[PDB]
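# Tertiary structure, described
Read off the chains here:
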Amino acid sequence: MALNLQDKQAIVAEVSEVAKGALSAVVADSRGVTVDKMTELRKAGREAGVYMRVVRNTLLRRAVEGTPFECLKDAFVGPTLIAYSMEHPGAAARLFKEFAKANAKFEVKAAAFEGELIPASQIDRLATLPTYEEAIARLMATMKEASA
Amino acid sequence: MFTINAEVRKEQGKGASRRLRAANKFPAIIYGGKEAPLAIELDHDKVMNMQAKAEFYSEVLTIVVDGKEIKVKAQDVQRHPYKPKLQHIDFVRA
Amino acid sequence: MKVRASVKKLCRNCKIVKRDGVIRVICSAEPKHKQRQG
Amino acid sequence: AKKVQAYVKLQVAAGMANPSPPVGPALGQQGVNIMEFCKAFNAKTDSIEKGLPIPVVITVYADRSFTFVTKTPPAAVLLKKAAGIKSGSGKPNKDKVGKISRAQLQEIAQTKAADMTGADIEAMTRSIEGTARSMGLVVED
Amino acid sequence: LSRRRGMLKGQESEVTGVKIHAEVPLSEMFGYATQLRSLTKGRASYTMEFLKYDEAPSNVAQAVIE
RNA sequence: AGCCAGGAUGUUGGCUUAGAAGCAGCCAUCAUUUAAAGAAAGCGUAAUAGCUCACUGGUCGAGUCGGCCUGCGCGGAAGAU
């Protein structure tokens, strides 16, 4: 490994994603294959490319060293194996969705999805999301309200 | 930067020199300037580790011989014919 | 097993053991590497 | 495909799917049907092009028949009909012999867009650097 | 085939077996059948005819002294 | 150090070979995707296949690694009343 001069970058970089981010998910990759990463990188791909991460770090000692910053709801995620996912642009989006759909294709556990932060809380798969731009679901709420 | 503590030699000659070397010390001498030469005795393992760096032979370096700081340059070294140890050093006064 | 006077590891799996007064070599992969009189 | 089971790739040919000395039998003989790669392959052959290198995987269990898959061409080979020289040395690579087309290497690599990890299609280029410094043949960039 | 001081030249993979092609010296093929069998559980035809003359390795040559 | 995981894509790099697909040889040893993963440290193969390592993620929970100099010891060490 590297000394501190390197354990600091994995911090100053990874914590300015939290400081400058959008949504957060969860997942434990016990059996995390590489067809695994391959896929989810195309997903990050659709979800821009390299706007996304997953930098395995669940050393509390790392991606909690980014938490007493923001998201101290994660002192509780960080135990055991974890795969932290941050969003920069994009809706508070679909990121959420396929992690459940992925891991529900066996694709290993999902930490039961211990969940995360947009609010400041816990678990439950939501597509309360990428409807986003479904302001059309407030366009159809126009003419249909005007007519009916 | 190299700080070398040392002591003036109380004994000189083949007899003493050998004795010193049995006790992980080793003789060396400071000469140069317009003032007399000085018979030094140095701690071995120390100068060894120090002289491991190449700067030892380039940089000016300082010897604290009975509280003075003489400040000198390494002229010449005597290494053991077949061991990894030092026999003697010539220091030039700078 | 080979007997020899100099024994030494051969495979990365050869192991070296001091049983009784005698120095040995045990390989979990390759029987040819057993050694004694070490 | 979320589960591999059987795959042997031995670059075939399009214009007539009916070999015998190169592959022929050895392409289908363990629950595989020699009768159906001339019924099925050529059904996915003529839409594109014919003659040149075709690695391939098939869907044969022990289920009599099957369904054929397609693939992609080798990448240092697109430096033959897609560069110049067709060997790679002549003076063993104690000598840096070859010679490149910088324009090519991107769009000629890009032709292999469907089988690479780089997000940045420029990245997919940077891979072809070493793939094309495979001898030490410098590119006139 | 190689052990028998032989040069190999091709392989087909003809249907079920695999025809192997080689140039191997005569004074060296004697009793092939017997061993070819041992190596392939009895399942292995073979065939040979004359092709050419090439230099005999020295220890061979100096042996062949009448 | 154990134990769980992964240990990947260009791609069998190129050359050379009947075959050299990480691994007989020669030259190169980059670039991706990354948490990390050698154009490969060893097993293996006709060659592929197959099993490991380096490396990184997890678990664990405080010491731990290997060179230099030196003291004393061990093997090496079989003979005839």
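A short tour of the structure in this document, coming up. (Residues numbered from 1 in each chain as written, not as in the entry; some residues may be left out. Chains lettered and ligands numbered in written order. Part of a larger assembly, values for the part shown. Heavy atoms only, no water.)

### Focus: the overall build of chain E
Note the following rule: The way it works is that DSSP assigns letters per residue, a run of H or I at least four long becomes a helix, a run of E at least two long becomes a strand, and they are numbered from the N terminus. Within these notes, the globule rule equals 2.2 Å times the number of residues to the 0.38 power, and the radius of gyration is based on C-alpha atoms. Residue exposure ignores everything except the shown protein chains as possible cover, and the areas themselves are Shrake-Rupley values with a 1.4 Å probe. In this tally, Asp and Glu contribute negative charge and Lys and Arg positive charge; neither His nor the terminal groups of the chain are included. By convention, the point assigned to a charge is CZ for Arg, NZ for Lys, CD for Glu and CG for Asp.
Each helix and strand counted, chain E has two helices and two strands in total. Helices (α) and strands (β) of chain E occur, in sequence order from the N terminus, as β-β-α-α. Relative to the compact-globule value of 11 Å for 66 residues, chain E shows a C-alpha radius of gyration of 14 Å, a clear excess of over 25%. If one aligns the C-alpha atoms of chain E with their principal axes, the spans along those axes are about 45 × 25 × 20 Å. For chain E, the accessible surface area stands at approximately 5900 Å², while carbon and sulfur atoms represent 55% of it. Charge separation in chain E, taken as the distance between the mean sites of 9 positive and 8 negative side-chain charges, equals 11 Å.

### Quick look at the pairing of strand β2 (residues 25-31) of chain B
Regular strands place side chains that alternate from one sheet face to the opposite one. All names here are of chain B. Stated formally: Each residue gets one of three labels from its accessible area relative to the maximum for its type: buried under 20%, exposed over 50%, partly exposed in between, using a 1.4 Å probe on protein chains only. Here, strands pair whenever DSSP counts at least two bridges between them.
Of all seven residues in β2, five are buried, a share of seventy percent or more. Where β2 lies against strand β3 (residues 38-43), six bridges are found, and the strand directions are antiparallel. Bridging from a neighbouring strand, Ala28 pairs with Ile40 of β3. One ladder, built from three bridges, connects β2 with strand β6 (residues 86-93); its direction is parallel.

### Here's the deal with the protein's contact with RNA strand F
What counts, and what does not: Whether a residue is near a molecule or strand depends on its heavy atoms: it is near if one of them lies within 4 Å of it. Any N or O atom pair separated by 3.5 Å or less is treated as a polar contact, with the protein-specific requirement of one donor-capable and one acceptor-capable atom, and with residues adjacent in sequence counted only for side-chain atom pairs. Here the nonpolar group is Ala, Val, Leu, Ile, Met, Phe, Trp, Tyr, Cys and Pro; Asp, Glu, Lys and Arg are the charged ones; every other residue, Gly included, is treated as polar.
As a structural note, the neighbourhood of RNA strand F is formed by 53 residues, with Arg31(A), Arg62(A), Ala75(D), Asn93(D) and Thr117(D) the closest of them. The sugar and phosphate moieties of RNA strand F supply 74% of its atoms located within 4 Å of the protein. Interatomic distance of 3.1 Å between a side-chain N/O atom of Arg56(A) and a base nitrogen of RNA strand F. Between a base nitrogen of RNA strand F and a main-chain N or O atom of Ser127(D), the distance comes to 2.7 Å. Mapped onto the surface near RNA strand F, the elements with two or more residues apiece are α3 (34-46) and α4 (60-63) of chain A, α2 (123-131) of chain D together with β1 (7-10) of chain E. Looking at the surface near RNA strand F, the element that brings in the most residues is α2(D), giving five residues. Here the residues of the surface near RNA strand F are counted per class, giving 16 nonpolar, 21 polar and 16 charged.

### Some thoughts on the sheet that holds β6(B)
Residues and elements named next belong to chain B. Stated formally: Angles run from 0 to 180 degrees between N-to-C directions of axes, and those axes are lines fitted to C-alpha atoms, restricted for helices to the stretch in contact. Whether two residues are in contact is decided by their heavy atoms, any of which lying within 4.5 Å being enough.
Strand order across the open sheet formed by six strands is β4-β1-β3-β2-β6-β5, with mixed pairing between neighbours. For this open sheet the edge positions go to β4 (62-65) and β5 (72-79), each flanked by a neighbour on one side alone. Sheet twist, expressed as the mean angle between neighbouring strand axes with direction ignored, is 35°. This element, helix α1 (residues 14-22), spans β2, β3 and β6 of the sheet and lies at about 125° to β2.

### Quick look at α2(D)
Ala123(D), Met124(D), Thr125(D) and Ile128(D) are the residues of α2(D) that are buried. Those residues of α2(D) that are buried lie in contact with α1 (107-110) of chain D.

### Thoughts on the arrangement of the chains
Among the two pairs of chains in contact, the pair with the most contacts is chains D and E. With no contact between them, chain B and chain C keep their nearest C-alpha atoms 26 Å apart.

### Description of the interface of chain E and chain D
Keep this limit in mind: The term buried area refers to how much accessible surface (probe radius 1.4 Å) is lost by two components on association, counted for both of them together. A carboxyl oxygen of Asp or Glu within 4 Å of a side-chain nitrogen of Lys or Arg is what we treat as a salt bridge.
Counting residues at the interface gives five residues for chain E and six residues for chain D. It is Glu12(E), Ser13(E) and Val15(E) that lose the most area in chain E upon contact with chain D, and together they represent 85% of the buried surface on that side. Along the contact surface separating chain E from chain D lie zero salt bridges. Taken together, the residues of the side of chain E that touches chain D sort by class into one nonpolar, two polar and two charged.

### A look at the environment of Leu3(A)
Within the element layout of this structure, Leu3(A) appears in the segment before α1 (4-7). Put simply, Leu3(A) and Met86(A) are 83 residues apart on the chain and 25 Å apart in space, counted from C-alpha to C-alpha.

### What to know about a nonpolar patch on the surface
Applied cut-off: Patch construction takes residues with relative accessible area above 30% that form no salt bridge. Like charges are linked within 9 Å, and nonpolar side chains (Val, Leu, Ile, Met, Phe, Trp, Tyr) are linked within 5 Å.
A surface patch of nonpolar side chains, about 350 Å² in accessible area, is lined by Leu1(E), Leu8(E), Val18(E) and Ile20(E). Summarising the element assignment, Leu1(E) is placed in the segment before β1.

### Focus on the pattern of salt bridges
According to the stated counting rule, one finds 10 salt bridges over all chains in the structure shown. When the shortest N-O distance is used, the salt bridge between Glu11(B) and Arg19(B) registers 3.2 Å. Relative accessible area serves as the criterion here: at 44%, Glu11(B) is assigned to the partly exposed category. Accessibility expressed as a relative area gives 47% for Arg19(B), which makes it partly exposed. One salt bridge in this structure joins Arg5(E) and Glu28(E), with 2.7 Å as the shortest N-O distance. Pair noted here: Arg5(E) is in the segment before β1 and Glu28(E) is in the loop between β2 (21-23) and α1 (32-39), with a separation of 23 residues, a long-range link.

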